[PDB]
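In listed order, ligands and their atoms are each counted from 1. Along the sequence shown, residues carry numbers from 1. Note: hydrogens, waters and symmetry copies are ignored here, and every other heavy atom, side chains too, is used.
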Amino acid sequence: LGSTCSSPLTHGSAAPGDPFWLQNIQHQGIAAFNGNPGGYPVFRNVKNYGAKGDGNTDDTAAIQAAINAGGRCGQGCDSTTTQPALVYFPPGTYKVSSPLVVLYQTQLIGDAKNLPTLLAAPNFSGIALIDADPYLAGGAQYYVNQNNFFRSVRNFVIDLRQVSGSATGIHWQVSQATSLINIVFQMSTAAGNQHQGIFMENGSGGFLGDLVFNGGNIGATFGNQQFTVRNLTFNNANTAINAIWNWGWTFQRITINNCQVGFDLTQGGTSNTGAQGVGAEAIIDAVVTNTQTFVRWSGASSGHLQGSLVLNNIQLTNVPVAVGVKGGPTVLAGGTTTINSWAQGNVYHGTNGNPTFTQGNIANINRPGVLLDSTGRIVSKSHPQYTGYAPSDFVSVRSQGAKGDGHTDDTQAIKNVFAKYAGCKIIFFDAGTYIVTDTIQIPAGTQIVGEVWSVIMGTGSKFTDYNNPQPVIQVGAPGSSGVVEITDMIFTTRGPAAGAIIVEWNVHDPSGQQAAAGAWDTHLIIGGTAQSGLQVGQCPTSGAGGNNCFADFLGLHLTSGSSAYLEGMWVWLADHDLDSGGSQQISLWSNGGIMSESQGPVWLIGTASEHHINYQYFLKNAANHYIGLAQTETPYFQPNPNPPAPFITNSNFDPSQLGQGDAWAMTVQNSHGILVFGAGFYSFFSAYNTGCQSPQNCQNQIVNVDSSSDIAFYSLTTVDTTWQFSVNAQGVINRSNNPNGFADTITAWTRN
Ligand SMILES: *[C@@H]1O[C@H](CO)[C@@H](O[C@@H]2O[C@H](CO)[C@@H](O[C@@H]3O[C@H](CO)[C@@H](O)[C@H](O)[C@@H]3O)[C@H](O)[C@H]2NC(C)=O)[C@H](O)[C@H]1NC(C)=O
Ligand SMILES: O=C1O[C@H](CO)[C@@H](O)[C@H](O)[C@H]1O
Ligand SMILES: [Zn+2]
């Protein structure tokens, strides 16, 4: 416990009529590498910019000034980490008449005690009320969709009910490090209405969750490579979810009430050169009441894989058809019953490479009990917002001497904040980049909250030696136990840093509090950013930067005694430079992404690990992990060089079987109770050349398990890899058995 208090802060001291803490907290954020750090406002209350919030004044332009202010990344800008914005909305109804354009690196945040309403005016015109990627003449857009990172919308009512024609709440054409949190969509239930909650046509996501859709023709149109979605509720919709295409997604905790169709799944072809539909859906813990068809496919499957589905723990009350083909036959009859485990697609057992095409119940999926809440469902825990906490329950790191200016060594000031306040106050990292040169231990008991772009950047000799790797952030002491919640933080390095273990996670849940230790909207954005030493000017794809371009030793280390509930975390070794303009590719060296030795419980919900040399995920003597969806990519420069280079073999942190030519997406040794429910593991290059994408042979193997591990894979999608699944570095499941569009999919694998 911190030295300023006698027992832990365990609840807020706000009076219920007080505005949400974020409005009145001192606003001290800096954009460190902005052209004008001293004049550039990070926080913007929409009312300070003229918003009335009275339902009659058109507030579109006032809100837009709150977004736009400071000269930010708009038309003609690829990406930015240096022009952040927290757009804050106090209670009110804000009438808008054209799209609010949510620029690169913007968070829209409503009062969380009293959700503000965004009210579409009856003459609303435009693609959606909130627009994350505007279209320009010629079908250009502000941003490349696969590059459209850093965006959040939290705590709104979105009310389309005054629009008599079509209306869309959010054009959410986004990729990783984005979330939608705590939003209610109010839509017409009139016959023939054309209301749509979300329109999403492409992207490379992503996490979103905790939304309620009331009414509408379509709750969400979703088209995107991959996404994890937690705790959405669809009431009185025509189609809850109109899924138009994907490689593979995971849906957890879905509720569909009084809808015509729940999931409307567009089926496509099986070749990488044909029409792309929905490759894979993995749905776990769904409740469905008074709905005609729970899941409908656009077309039938004739005895081979052509669109994959996994269902786990589906509770149906008055749902005639569980799975059916559009104007085709019923595939699984419903009624009032609980579906335990059911799949459509190719099911595999052991080291036998034989597909069993399945449209039927499958062996019951093991769900280790430690991973399940007290209603028996995968734990579901939303981003903590501290709604009943008052501003004085927070302590500001800027107020305690941490400069956040990206230059001053902030190690001591930060260390001191933890020593004085851990467990005493919520620790508020005002926006900024905080340079540290020694381990920052976050003690068990701590709650940490950032402000859109609050970065801890480790640098210097403690972190440069791969033979002696050292932690930049330590989450709890070894053996420790307690609440640790981290929200809106970035953990990174200033290169070179070949010895950086960016996050070492030790803390375990206390007895009887599940997911009390976890991170939300918290990422490891490794290189590719302003003044990181790891940009295109230091690290060209030629490899000319050499030993300067070591970015880290390991991104995230989950240790033996730890538990972690990790939601949306992107462990991104930068493939390209976000800040120099041009999205230029760069070659950076990370030895590995995520290594877990944790005995559990570990929930990894829509985490991604990308561009590390030896593996994106390594589970070594781990137990009791629920992983879904997990997304990877191999570093673009491989096989030049081959793993482990430019590192050397390390027997503590590397797998026994090193990747041959290319990194493992996931490699598992001596582990049990591991459930991977939804995976997208990709390989797009051979030494910067894309030629291997067409013949689908960019790398040879990508997923390894040993002989003994107790691990199960469901909806395992890989891209451009010959062997999709290996036991003891020998290919077992060949891609040629599972083509499913652009990507290839294993519906189920189990040892037996
Ligand atoms: C799934 O997401 C929804 C949408 O965010 C979550 O529902 C929300 O839950 C919060 C926290 O329990 C509710 O607030 C509570 O209100 C009661 C009185 O109404 C008060 O006694 C509490 O102190 C608390 O503030 C909130 O109303 C509710 N929001 C909506 C629109 O329903 C839900 O928690 C999520 N479920 C899971 C499993 O994550
Ligand atoms: O698909 C992607 O798009 C990006 C390429 O623009 C890359 O930065 C991400 O790491 C990758 O997931
Ligand atoms: Zn928060």
Quiz prompt | Neighbouring protein N, O or S atoms of the Zn ion (ligand 3), below 2.8 Å | solution = 1
Quiz item: Looking at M200, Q173, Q225, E201, which hits side-chain contact (heavy atoms from CB on, under 4.5 Å) with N145?
Solution: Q173
Quiz item: ligand 2 versus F149, non-hydrogen atoms closer than 4.0 Å: side chain, backbone, both, neither?
Solution: side chain
Quiz item: Can you list the ligand 2 atoms lying under 4.0 Å from a non-hydrogen atom of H611?
Solution: 10 (O)
Quiz item: Looking only at side chains, do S396 and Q26 share a donor and an acceptor under 3.5 Å apart?
Solution: no
Pairwise, report which nitrogen or oxygen atoms of ligand 1 are under 3.5 angstrom from protein nitrogen or oxygen atoms, and how far apart they are.
residue, atom, partner, partner atom, Å
ligand 1, 2 (O), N231, ND2, 2.4
ligand 1, 5 (O), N182, OD1, 3.0
ligand 1, 36 (N), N231, ND2, 2.9
ligand 1, 39 (O), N231, ND2, 3.1
ligand 1, 39 (O), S380, OG, 3.1

Quiz prompt | Atoms of ligand 2 close to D575 [distance to a heavy atom under 4.0 angstrom, numbered from 1] | solution = 7 (C), 8 (O), 9 (C), 10 (O)
Self-check item: Residue among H611, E610, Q616 satisfying side-chain contact (heavy atoms from CB on, under 4.5 Å) with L573
Solution: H611
Quiz item: Can you tell me the protein heavy atom closest to atom 3 (O) of ligand 2 and the distance?
Solution: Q146 O, 3.1 Å
Practice problem: Output the list of atoms in ligand 2 that are nearer than 4.0 Å to some heavy atom of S204, sorted by atom number. | Solution: 1 (O), 12 (O)
Practice problem: Any atoms of ligand 2 less than 4.0 Å from a non-hydrogen atom of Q176? List them with their elements. | Solution: 12 (O)
Quiz item: Under 3.5 Å, is there a donor-acceptor pair between the side chain of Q638 and the main chain of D662?
Solution: no
Quiz item: Are the aromatic rings of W249 and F222 close, with centres under 6.0 Å apart?
Solution: yes
Exercise. Any atoms of ligand 2 less than 4.0 Å from a non-hydrogen atom of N147? List them with their elements.
Key: 5 (C), 6 (O)
Quiz prompt | Protein contact to atom 1 (O) of ligand 2 [nearest heavy atom, distance to 0.1 Å] | solution = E633 OE2, 3.3 Å
Exercise. Mind checking whether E610 contacts ligand 2 via backbone (N, CA, C, O), side chain (CB onward), both or neither, at a 4.0 Å heavy-atom cut-off?
Key: side chain
Quiz prompt | Atom indices of ligand 2 within 4.0 angstrom of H576 heavy atoms, with elements | solution = 6 (O), 8 (O)
Practice problem: Answer yes or no: is there a side-chain heavy-atom contact under 4.5 Å between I605 and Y565? | Solution: yes
Exercise. Look at the rings of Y434 and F429 and say which category their plane angle falls in: under 30° parallel, 30 to 60° tilted, over 60° perpendicular.
Key: perpendicular
Quiz item: When you check the gap from the basic side-chain N to the acidic O, do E485 and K381 get nearer than 4.0 Å?
Solution: yes
Quiz prompt | Candidate list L372, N312, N313, test side-chain contact (heavy atoms from CB on, under 4.5 Å), partner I378, passing option | solution = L372
Quiz item: Cut-off 3.5 Å, side chains only: do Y617 and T607 have a donor facing an acceptor?
Solution: yes
Quiz prompt | Side chain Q252, main chain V379, donor-acceptor under 3.5 Å | solution = yes
Quiz prompt | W572 neighbourhood, listing ligand 2 atoms whose heavy-atom distance to it stays under 4.0 Å | solution = 8 (O), 10 (O)
Exercise. Test the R44-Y88 pair against the cation-pi criterion, namely NZ or CZ under 6.0 angstrom from the six-membered ring centroid and within 45° of the ring axis.
Key: no
Exercise. Using atom types as modelled and distance alone, determine if a side-chain donor or acceptor of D720 lies under 3.5 Å from a backbone N or O of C698.
Key: no
Quiz item: With no hydrogens and no angle check, do the side chains of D210 and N182 hold a donor and an acceptor under 3.5 Å apart?
Solution: no
Practice problem: For ligand 2, note which part of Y682 has a heavy atom under 4.0 Å away: side chain, backbone, both or neither. | Solution: neither
Quiz item: Looking at side-chain heavy atoms only, is the closest gap between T387 and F20 below 4.5 Å?
Solution: yes
